[PDB]
Number of protein chains: 2
Amino acid sequence: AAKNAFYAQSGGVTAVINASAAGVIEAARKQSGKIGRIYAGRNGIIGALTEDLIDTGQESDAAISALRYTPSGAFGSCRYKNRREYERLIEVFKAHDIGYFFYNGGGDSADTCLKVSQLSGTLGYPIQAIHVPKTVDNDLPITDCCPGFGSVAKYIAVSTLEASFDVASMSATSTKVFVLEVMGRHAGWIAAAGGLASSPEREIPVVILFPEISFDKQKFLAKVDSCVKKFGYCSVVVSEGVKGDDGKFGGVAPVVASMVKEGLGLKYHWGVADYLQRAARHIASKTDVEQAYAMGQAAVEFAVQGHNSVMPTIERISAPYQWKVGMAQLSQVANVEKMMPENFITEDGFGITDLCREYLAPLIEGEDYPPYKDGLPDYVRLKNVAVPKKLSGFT
Amino acid sequence: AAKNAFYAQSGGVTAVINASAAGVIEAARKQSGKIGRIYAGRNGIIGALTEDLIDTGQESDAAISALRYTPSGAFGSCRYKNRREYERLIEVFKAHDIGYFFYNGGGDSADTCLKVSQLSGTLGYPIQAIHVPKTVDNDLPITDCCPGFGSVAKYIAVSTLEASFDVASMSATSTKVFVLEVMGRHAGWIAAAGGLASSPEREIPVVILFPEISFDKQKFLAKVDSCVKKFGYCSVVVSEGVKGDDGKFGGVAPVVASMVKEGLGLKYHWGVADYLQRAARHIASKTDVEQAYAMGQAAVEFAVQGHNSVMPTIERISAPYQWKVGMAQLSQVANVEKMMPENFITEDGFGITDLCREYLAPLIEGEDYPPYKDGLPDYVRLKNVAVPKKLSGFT
Ligand SMILES: [Br-]
């Protein structure tokens, strides 16, 4: 048998990870003959371990399609990254005749698929494990970009643009500096998106604090001051993972704001987007949405073609911007991240270069708005009907 | 001939105040014979004092029309509240034959507008003063609602909803509480918007901390705990003006978050919208945008009708929802705040009642998206041609 499929989400969720789920599920449903029942892990991989499976077959076609415009993880997710655990996974998949494992997550998920695939054969129950890319941090290697990043980038760009229009109108006699804290503990891709608020036809002062750059309060204040002098105001985009001469600097926005007041005496305003930036399906990138769905669909097609231990990718064929689906071996993804290029950050280290803009800009192109009802996005909530347990409990 | 008009934006800006500006300008242009030239003060009333006027007559029709989908104050705003200042305004208005004064702002602006009349009348200078309503706080009396609020409410409801979908999917083994800090120092209308994220078809735990309700940590933690037990997670919307016993409570989000980890040991996440909530034209309320424009158009119609010391209002005539333009006396608006009614808040003081929902829901109805270019809203920046000075300086 081994014709059933298992899909699970891992790590932090995004605004379009459900689009990837729809790609996987709709592609799998069109199969049948190859793929039997489609199960999902409640709350992720942990659902697999505790045998809390969801029968996605009980969701209507309309409900699955609605996943394409619904934020976060419709089946739940977790940050659970063990011989006993791996063996338990195989036992559960075996009990439910699962021969396919579609794991939708970041870098760590890639390694899991690799281990699941290799241990399954060793235990006499081979499973095709396919990694479906996801990460708002945009740190996966090989692929041109990661599903979820384009939408966060669009949100950050739009938000930075709007906050800049606001502070600008008030800068004459009131607030002159706005500080926005964004995600990106180690990578600066998110922060970089803030630079998109500025254009050649409409230049806007956007001082970016990247995690990759060592924070220099002196250079920073100097930059802000020069901006306030030239434009009358200044917007600051700061990553949560910025570190100074030491390490780390609880918000990072309140702290940066105080430095500006303390060293320049300028009135300020600050905000922390936190979860809003990664769940902003109301202003998602159409390009990102299409790519997220594509990756899910391709995972299934690759599995049916007989591939194993691979990850579909986004290949930038041309810059108009054109992309196609590619395929990477997980041995090339396991570990090794996509660090932000040094030539993507300006000489002063507070902005993005034209090279960076050329890369980022196409990723936020287009708007894909969810339908509305009574003033709000009509987001879907799946029935997520539980699957009867077959094994004894797991701790 | 005292036929020119003066328009100025005052106080904190909103996402649709430019919609009101457009209503005034396009309405004023169809006049002529009654109104000569339409000048705007650069940076509000300050512009009138330093004789830094803008001739909107030199703005293209396309740009004025674009104001309808552009956030913040396109002419710049300010927070400016002796006989010398009045004598200066009169000199400036006289020098430019200004007989109409349109002041677009909130409660404080209403008072300024009142003083520009009651005093200019006894001073013998024919000038009609008309207040154009604006305030994201929704605290102006008489009018059913204020231009700017509907859009902030839509933004808060959408954000709370998206943040709730996010926390819910991670709640199993991770973050269980999300705290969002919103605006509103004395009125809880903003915070109330958070309650629209939930409904009968899809109940969502949203504990709202209003400025009108005295904070009781014990009652709060109890409410949260009960939510986490029933749903598995909880969302908290807290106004920046919430006060406990000694009135108070680096912002309120981190503070409230701490109380949850302390008294309940629940993993949390928090954000602070700040400017984002009042410049979010990318997700403004269509109803709000139409009312904002209607108020600007009505102000001009009133001026041409010979009215003085008045403010156009929105009158709810039915609920489906139907409204019309009304006329209120500034003397009844000046220094009066429309706080949240006691019956709009639930018994435990942590939610909104059905009466509140009946009032709020219609205000966030409809989506009015601005046009986009290169992934971002194509917001307009007016040319704002200066008017050559005719008088001596003023400090
Ligand atoms: Br009158």
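Residues numbered from 1 in each chain as written, not as in the entry; some residues may be left out. Chains lettered and ligands numbered in written order. Heavy atoms only, no water. Residues with missing side-chain atoms left out of burial classes, pairs and counts.

In its metadata, the entry names X-ray crystallography as the structure determination method and reports 2.00 Å as the resolution.

1. A word on the interface of chain A and chain B
The interface is formed by 67 residues belonging to chain A together with 65 residues belonging to chain B. For the pair chain A and chain B, the summed buried surface comes to about 5,500 Å²; carbon and sulfur atoms form 59% of the total. Of all residues in chain A, the largest losses of buried area upon contact with chain B belong to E162, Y275 and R381 of chain A, amounting jointly to 14% of the total for that side. The interface formed by chain A and chain B includes 4 salt bridges. Here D166 of chain A makes a salt bridge to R278 of chain B, at a shortest N to O gap of 2.7 Å. Here chain A is connected to chain B by 24 residue pairs in polar contact. At 13 residues, the largest contribution of residues to the side of chain A that touches chain B is made by helix α6 (residues 149–170) of chain A. Looking at the side of chain A that touches chain B residue by residue, the classes come out as 34 nonpolar, 17 polar and 16 charged. (Contact = heavy atoms within 4.5 Å. Buried area = accessible area lost by both parts, 1.4 Å probe. Salt bridge = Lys/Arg side-chain N within 4 Å of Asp/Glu carboxyl O. Polar contact = N/O pair within 3.5 Å; in protein donor to acceptor, adjacent residues only side chain to side chain. Helix = DSSP H or I, 4+ residues; strand = E, 2+ residues; numbered from the N terminus. Nonpolar A, V, L, I, M, F, W, Y, C, P; charged D, E, K, R; others polar.)

2. Examining the environment of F149 of chain A
Residues and elements named next belong to chain A. Within the secondary structure layout, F149 lies in helix α6. Residue class for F149 comes out buried when judged on its relative accessible area of 1%. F149 sits 65 residues away from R84 along the chain, and the two C-alpha atoms are 34 Å apart. Beyond its immediate sequence surroundings of up to four residues, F149 is in contact with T135, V136, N138, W189, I190, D288, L360 and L363. (Buried < 20%, exposed > 50% of the residue type's maximum accessible area, 1.4 Å probe, protein only.)

3. Considering the pairing of strand β6 (residues 177–182) of chain B
Residue and element names in this part refer to chain B. In terms of burial, β6 is largely enclosed, as 6 of its 6 residues are buried. Here β6 shows a buried face lined by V177, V179 and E181 and a second buried face lined by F178, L180 and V182. Relative to strand β8 (residues 234–239), β6 runs parallel, the two sharing 6 bridges. If you follow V177 over to β8, its bridge partner there is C234. Relative to strand β9 (residues 268–272), β6 is paired through 5 bridges, and the arrangement is parallel. Among the inter-strand pairings, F178 is bridged to a residue of β9, identified as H269. (Pairing = 2+ DSSP bridges.)

4. What about the domain arrangement of chain A?
Residues and elements named next belong to chain A. For chain A, the domain assignment lists domain 1 (1–134 + 280–335 + 365–395) and domain 2 (135–279 + 336–364). Using only C-alpha atoms to locate each centre, domain 1 and domain 2 end up separated by 32 Å. If you look at the interface, domain 1 gives 37 residues, while domain 2 gives 29 residues. Both faces combined, the contact of domain 1 with domain 2 buries some 2,400 Å², and carbon together with sulfur accounts for 58% of it. When the buried surface of domain 1 facing domain 2 is broken down by residue, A280, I314 and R316 rank first, second and third, together holding 22% of it. Across the pair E367 and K154 runs a salt bridge, and its minimum N-O distance is 2.9 Å. Run the count over domain 1 and domain 2 and you get 15 residue pairs in polar contact. (Domains from an automatic or database assignment.)

5. Concerning the relation of the copies chain A and chain B
Mapping chain A onto chain B calls for a rotation angle of 180 degrees and an axial translation of 0.1 Å; the resulting RMSD is 0.7 Å. Here the symmetry operator amounts to a two-fold rotation axis. Across chain A, the rotation axis passes nearest the C-alpha of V272 of chain A, at a separation of 2.3 Å. Counting the interface residues of chain A, we find that 93% of their copies in chain B are interface residues as well, pointing to one common contact surface. (Least-squares fit on C-alpha atoms.)

6. Thoughts on the packing of helix α8 (residues 217–230) of chain B against helix α9 (residues 252–264) of chain B
Residue and element names in this part refer to chain B. Packing of α8 against α9 brings their axes to within 10 Å, and their N-to-C directions diverge by 75 degrees. As judged from the angle between their axes, α8 and α9 are roughly perpendicular. Of the residues in α9, those touching α8 at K217, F220, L221, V224 and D225 are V256, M259, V260, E262, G263 and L264. In the contact of α8 with α9, the residues fall into 7 nonpolar, 1 polar and 3 charged. (Axes fitted to C-alpha atoms, helices over the stretch in contact; angles between N-to-C directions. Parallel < 35°, antiparallel > 145°, perpendicular 65-115°, else oblique.)

7. Here's the deal with the UniProt feature "binding site: substrate" (unreviewed entry) in chain A
All names here are of chain A. Those residues carrying the UniProt feature "binding site: substrate" (unreviewed entry) are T135, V136, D137, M183, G184, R185, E240, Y275, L276, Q277 and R278 in this numbering. Looking at the element boundaries, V136 is found in the loop between β5 (128–133) and α6. In contact with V136, not counting residues within four places along its chain, are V13, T14, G148, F149, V152, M183, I190 and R278. One can find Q277 in helix α10 (residues 275–278). Sequence-distant contacts of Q277, that is, excluding residues within four places in its chain, are made with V152, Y155, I156, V182, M183 and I190. A polar side-chain atom of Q277 sits 3.2 Å from the main-chain amide nitrogen of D274. (UniProt positions renumbered as here; feature names shortened; annotations may be inferred.)

8. Side note on the packing of helix α4 (residues 83–95) of chain B against helix α5 (residues 107–122) of chain B
Residues and elements named next belong to chain B. At a minimum axis separation of 11 Å, α4 and α5 run at an interaxial angle of 85 degrees. Overall, the two elements α4 and α5 adopt an arrangement that is roughly perpendicular. Contacts between α4 and α5 involve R83, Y86, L89 and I90 from the first element and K115, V116, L119 and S120 from the second. Class assignment of the residues belonging to the contact of α4 with α5 gives a composition of 5 nonpolar, 1 polar and 2 charged.

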